[PDB]
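The block underneath contains the structure these notes are about, expressed in structure tokens.
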Amino acid sequence: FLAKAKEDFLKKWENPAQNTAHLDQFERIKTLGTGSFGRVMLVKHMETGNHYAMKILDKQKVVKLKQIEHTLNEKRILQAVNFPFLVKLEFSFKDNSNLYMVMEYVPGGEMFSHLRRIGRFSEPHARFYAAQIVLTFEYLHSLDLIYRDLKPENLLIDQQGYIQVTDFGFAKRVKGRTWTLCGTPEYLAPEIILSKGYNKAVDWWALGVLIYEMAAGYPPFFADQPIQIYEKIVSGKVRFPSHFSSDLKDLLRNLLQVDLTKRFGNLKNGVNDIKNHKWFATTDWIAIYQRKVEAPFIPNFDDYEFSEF
Amino acid sequence: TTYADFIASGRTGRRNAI
Ligand SMILES: Oc1cccc(CN(CCN2CCCC2)c2nc3ccc(-c4ccncc4)cc3s2)c1
């Protein structure tokens, strides 16, 4: 599966698709979200009637904030990957001013919104999503892709109630070690903060942060400013709510492990240590991949150089 | 409580990357 997935990945990655649509083929409806270099819009392909999410990026602004590489690299990964929990990129093109990424529209909205509304997810509800992230990271890691931006804000929920990862702005194809200071403060692994040369194990730490936030309603380390959050992460002092099961605490103690020589996902058994853990015993791993498990929640948006692209 | 402390921190909204 992973070998065929790598073979499928490599072909597309080595020969990327360019200019597969035009801006005049879409009716712009509403803004769904906003970023550093532009916005994401609900859009309608006029010659089929199909809806899509259009990510518009200002070239001048991308050059301005020196994010050329990370921008070229995101479209390149998006057009080369294929997994049920990763948004499908339908088209990509550019004009005089902008770069466009047209993806499948995910009407369910961000996990973030649902999580802040409900307050917290039950452990069965938190596990269903955790399992999807475990399989997604196993797929990405086998392709040498480090994700580096896991958070409920980057996880969209579809009609079937399954996750769709949309943002690959900090993803990097690297076999070994990398150094960039990037990600979101609450989700930064201690090795990223402590400015070490880090690896894929940062994504497994971010999984611990996510599992904790989904099950409690708040992240394991927060404070008014990033700097104070950084201190709590490097200390590795983690308090758990009394409703957390014994199994949840144990998985988290192993995921939120400062010593990456002991961190689950980074040991010789790799991902199998997470998959075989007690907290995941009722998880039908193949059924989740096959989206045959019934979602515990079925659904949502707020109101608002480049040659190889 | 930890829940009140989380609210006390103005970090309950959507977080941007660094
Ligand atoms: O340089 C820019 C320009 C525009 C946007 C961004 C990143 N953000 C914004 C920032 N993030 C979200 C909150 C915190 C962090 C996004 N990216 C996407 C991608 C796809 C979808 C989507 C897909 C399918 N169906 C519906 C919506 C929505 C969003 S919101 C960066």
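Note: hydrogens, waters and symmetry copies are ignored here, and every other heavy atom, side chains too, is used. In what follows, every chain begins at residue 1, and chains take the letters A, B, ... in the order their sequences are listed.
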B:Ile18 side chain near A:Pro185 side chain, heavy-atom distance below 4.5 Å:
yes

Answer yes or no: is there a donor N or O on one side and an acceptor on the other, between the side chain of A:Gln79 and the main chain of A:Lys12, under 3.5 Å?
yes

Residues forming a ring pair (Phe, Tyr, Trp, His ring centres under 6.0 Å) with A:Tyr230, sequence neighbours excluded
none

Without swapping roles, check the side chain of A:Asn276 against the backbone of A:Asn272 for a donor-acceptor pair under 3.5 Å.
yes

Would a distance-only check, ignoring hydrogens and angles, find a side-chain to backbone donor-acceptor pair under 3.5 Å from A:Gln67 to A:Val62?
no

Donor-acceptor pair, A:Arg127 side chain versus A:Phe280 backbone, under 3.5 Å?
no

Within the 3.5 Å criterion, strictly below it, is a donor on A:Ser92 or A:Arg76 matched to an acceptor on the partner's side chain?
no

Heavy-atom closest contact (A:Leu252 atom, A:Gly208 atom, distance)
CD1-O, 4.0 Å

Give the minimum heavy-atom separation between A:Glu123 and A:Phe244, together with the two atoms involved.
OE2-CA, 3.4 Å

Please identify each residue that fulfils ring pair (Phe, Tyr, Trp, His ring centres under 6.0 Å) with A:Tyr129, with sequence neighbours left out.
A:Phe121, A:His125

Any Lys/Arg nitrogen of A:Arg291 or A:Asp158 sitting under 4.0 Å from an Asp/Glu carboxylate oxygen of the other?
yes

From the list A:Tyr187, A:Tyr147, A:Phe137, ring pair (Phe, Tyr, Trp, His ring centres under 6.0 Å) with A:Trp204 holds only for A:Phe137

If you measure only the distance, is there a donor-acceptor pair under 3.5 Å linking the side chains of B:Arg15 and A:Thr184?
no

If we count only N and O atoms by modelled type, under 3.5 Å, do the side chains of A:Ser245 and A:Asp247 hold a donor and an acceptor together?
no

Any side-chain to backbone donor/acceptor pair from A:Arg39 onto A:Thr31? Under 3.5 Å, distance only.
no

Compare all side-chain heavy atoms of A:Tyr198 with those of A:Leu260 and state whether any distance is below 4.5 angstrom.
no

So CG of A:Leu255 and CD1 of A:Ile274: to nearest 0.5 Å the spacing works out to 5.0 Å

Kindly indicate whether the side chain of A:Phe37, heavy atoms from C-beta on, has any atom under 4.5 Å from the side chain of A:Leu65.
yes

Please walk me through it: do A:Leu57 and A:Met101 pass side chain to side chain contact (heavy atoms under 4.5 Å, CB included)?
CA-CA 8 Å; A:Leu57 286 100; A:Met101 285 186 294; 3.9 Å; yes

Counting distance only, does the side-chain N/O of A:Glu186 pair as donor-acceptor with the main-chain N or O of A:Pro219 below 3.5 Å?
no

Classify the ring geometry between A:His70 and A:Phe170 as parallel (under 30°), tilted (30 to 60°) or perpendicular (over 60°).
perpendicular

One thing to verify: whether A:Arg116 and A:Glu213 come together as a salt bridge, which I'm taking to mean a side-chain N less than 4.0 angstrom from a carboxylate O.
yes

Parallel, tilted or perpendicular: ring planes of A:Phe85 versus A:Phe83, cut at 30 and 60 degrees:
perpendicular

Could you tell me if the side chain of A:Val165 sits less than 4.5 Å from the side chain of A:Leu140, heavy atoms only?
no

What's the separation between atom CZ in A:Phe306 and atom CG in A:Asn98, rounded to the nearest 0.5 Å?
10.0 Å

Go through the steps for A:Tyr100 and A:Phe26 under the test side chain to side chain contact (heavy atoms under 4.5 Å, CB included), then give the verdict.
CA-CA 11 Å; A:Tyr100 301 90; A:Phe26 308 90; over 6 Å; no

Step-by-step side chain to side chain contact (heavy atoms under 4.5 Å, CB included) determination, A:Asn82 to A:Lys88:
CA-CA 7 Å; A:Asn82 175 54; A:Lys88 257 68 218 108; 3.4 Å; yes

Side chains of A:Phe301 and A:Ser113: does their closest heavy-atom pair fall under 4.5 Å?
no

Shared hydrophobic cluster, A:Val271 / A:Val202 (ILVMFWY, side-chain heavy atoms < 4.5 Å):
yes

Tell me, do A:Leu150 and A:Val209 make a side-chain contact under 4.5 Å, heavy atoms counted?
no

Give a yes or no on whether B:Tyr3 atom OH has more than 12 heavy-atom contacts from other residues, nucleotides or ligands under 6.0 Å away.
no

Positive for side-chain contact (heavy atoms from CB on, under 4.5 Å) with A:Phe264, one of A:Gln257, A:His277, A:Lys275
A:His277

Cationic tip of A:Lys75 within the cone over A:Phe309's six-membered ring, i.e. under 6.0 Å and within 45° of the normal?
yes

Can A:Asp302 and B:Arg14 be counted as an ion pair, charged N to O under 4.0 angstrom?
yes

A:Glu14 atom CD: more than 12 heavy-atom contacts under 6.0 Å
yes

Heavy-atom closest contact (A:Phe221 atom, A:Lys237 atom, distance)
CE2-O, 3.3 Å

Please check if the number of heavy atoms outside A:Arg117 that lie under 6.0 Å from its CZ is greater than 12.
yes

Counting neighbours of NZ on A:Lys232 that are heavy atoms of other residues, nucleotides or ligands and sit closer than 6.0 Å, is the number greater than 12?
no

Any A:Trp205 side-chain heavy atom under 4.5 Å of A:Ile192 side chain:
no

Please name the pair of heavy atoms, one in A:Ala201 and one in A:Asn266, separated by the smallest distance, quoted to 0.1 Å.
CB-CG, 3.6 Å

CD1 of A:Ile288 to OH of A:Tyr162, rounded to nearest 0.5 Å, is 6.0 Å

Under 6.0 Å from the CD1 atom of A:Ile286, do we count more than 12 heavy atoms belonging to anything else shown?
no

Closest non-hydrogen atom pair, A:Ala189 against A:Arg263:
CB-NH1, 4.4 Å

Keeping A:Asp149 on the side-chain end and A:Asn154 on the backbone end, is there a donor-acceptor pair under 3.5 Å?
no

d(A:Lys172 NZ, A:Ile146 CD1) to nearest 0.5 Å is 9.0 Å

For the NZ atom on A:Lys44, are there more than 12 heavy atoms of other groups (residues, nucleotides or ligands in this structure) within a distance under 6.0 Å?
yes

Is there a donor-acceptor contact under 3.5 Å from the side chain of A:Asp203 to the main chain of A:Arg148?
yes

OH on A:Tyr289 to CD on A:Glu138, rounded to 0.5 Å:
11.5 Å

Please evaluate residues A:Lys55 and A:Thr166 with respect to the criterion side chain to side chain contact (heavy atoms under 4.5 Å, CB included), reporting the C-alpha separation (whole Å), side-chain torsions for both, the decisive distance (0.1 Å), and the verdict.
CA-CA 10 Å; A:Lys55 189 145 161 179; A:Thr166 44; over 6 Å; no

I'd like to check A:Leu155 versus A:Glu110 (side-chain heavy atoms, cut-off strictly below 4.5 Å). Are they in contact?
no

Given 3.5 Å as the limit, does a donor-acceptor pair link the side chain of A:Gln164 with the main chain of A:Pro84, or not?
yes

Minimum-distance pair of heavy atoms, taken over all atoms of A:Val258 and A:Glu191
O-OE1, 4.5 Å

Backbone N or O of A:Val174 within a donor-acceptor pair of the A:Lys200 side chain at under 3.5 Å?
yes

Rounded distance (nearest 0.5 Å) linking atom CG of A:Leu89 with atom OG1 of A:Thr20
7.0 Å

Any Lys/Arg nitrogen of A:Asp167 or A:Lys151 sitting under 4.0 Å from an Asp/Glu carboxylate oxygen of the other?
no

